[PDB]
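Read the single chain below, which is given as structure tokens and is the form deposited in one PDB entry.
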């Protein structure tokens, strides 16, 4: 029942004493980032000292929604002690480790090497832990951090967990509460998990390989589609282009799929992602059919000195097929 204090200390603290300590933390977050200020009326108001969750189903839904929004917002700062104190308040007062334990695990997950992660493990109720996170059961029992490699392998073998990681990341993006560590945690997990799923699904039998490919695209296709059109977050777009490049260069995918990706890419790309996207469009054409759609072609020639940029990309990449399909598609 505490992120900071051992049980002997915590049982004797009054809410007045908890609040006064955690509120200093929240007030420090407000000075770093004014987006914290609206929760001053809500989760961190003085009256919250006496709010008992149990005492109202629609209220609890609205509090669950405010808690989840705060967790997304605070996730970028979990290495600071003010952030840990603000979370502690929600844990002590609103018991969010029991009623919001899925959002809370996802918020802390990219910080799996900091001590607060293990402290959080030691107070999670194991039977309220969602199914896609229960690979953490050994690490709760041993009070040691899971290594990145254990998270990669579980994400690779459990669509559940990859999907929870994607959903949390996309929801932060939609609420403009993302941060660099989050984008990078997602992109690297998804890159290696997709690479691991490709290797597990590799077949010498055409029928098996085609089905595997359809299974894989059903798991990860929508997530990659949403991230490729997140125009306010170039970092998530560029991360998704890295995943799509692995699918093109390693994945053995039919030309309707690669074409689908090509068009989703040029639909979402902006002046901030033009070069990395063009590198991606190139690897999608090299691994495809010789002539490309009009969607793609009408967008690709709006790229400032396109021929100059392709000669550059040719330093490290196979560029013939995209210029060829650009050529062959003006008719």
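Positions refer to the first chain, counted from 1.
Same protein, other form: the form solved in complex with a partner chain, not shown, and the subject of what follows.
If you check 246, 175, 260, 229 against the partner chain in the bound PDB entry, which one has a heavy atom within 4.5 Å? Of 246, 175, 260, 229, the residue with a heavy atom within 4.5 Å of the partner chain in the bound PDB entry is 246.
The partner chain: the contacting residue among 153, 219, 184, 254 in the bound PDB entry [heavy atom, 4.5 Å]: Looking at the other structure, the residue within range turns out to be 184.
Counting any heavy atom within 4.5 Å as contact, can you tell me which stretch out of 46 to 54, 293 to 301, 278 to 286, 31 to 39 lines the partner chain in the bound PDB entry? Looking at the partner contacts, the answer comes out as 278 to 286.
Within 4.5 Å of the partner chain in the bound PDB entry, do we find a heavy atom from each of 111, 148 and 192? All three within 4.5 Å in the bound PDB entry.
4.5 Å heavy atom contact, residue 87 to the partner chain in the bound PDB entry: It does not: once the partner chain is placed as it appears in the bound PDB entry, residue 87 has no heavy atom within 4.5 Å of it.
Partner contact for residue 272 in the bound PDB entry: the partner chain, 4.5 angstroms, heavy atom: Yes, residue 272 lies within 4.5 Å of the partner chain in the bound PDB entry.
Give a yes/no on whether residue 235 approaches the partner chain to within 4.5 Å in the bound PDB entry, heavy atoms considered. Answer yes; at least one heavy atom of residue 235 falls within 4.5 Å of the partner chain in the bound PDB entry.
Is residue 250 a contact residue for the partner chain in the bound PDB entry, using a 4.5 Å heavy atom cut-off? Contact check for residue 250: yes, within 4.5 Å of the partner chain in the bound PDB entry.
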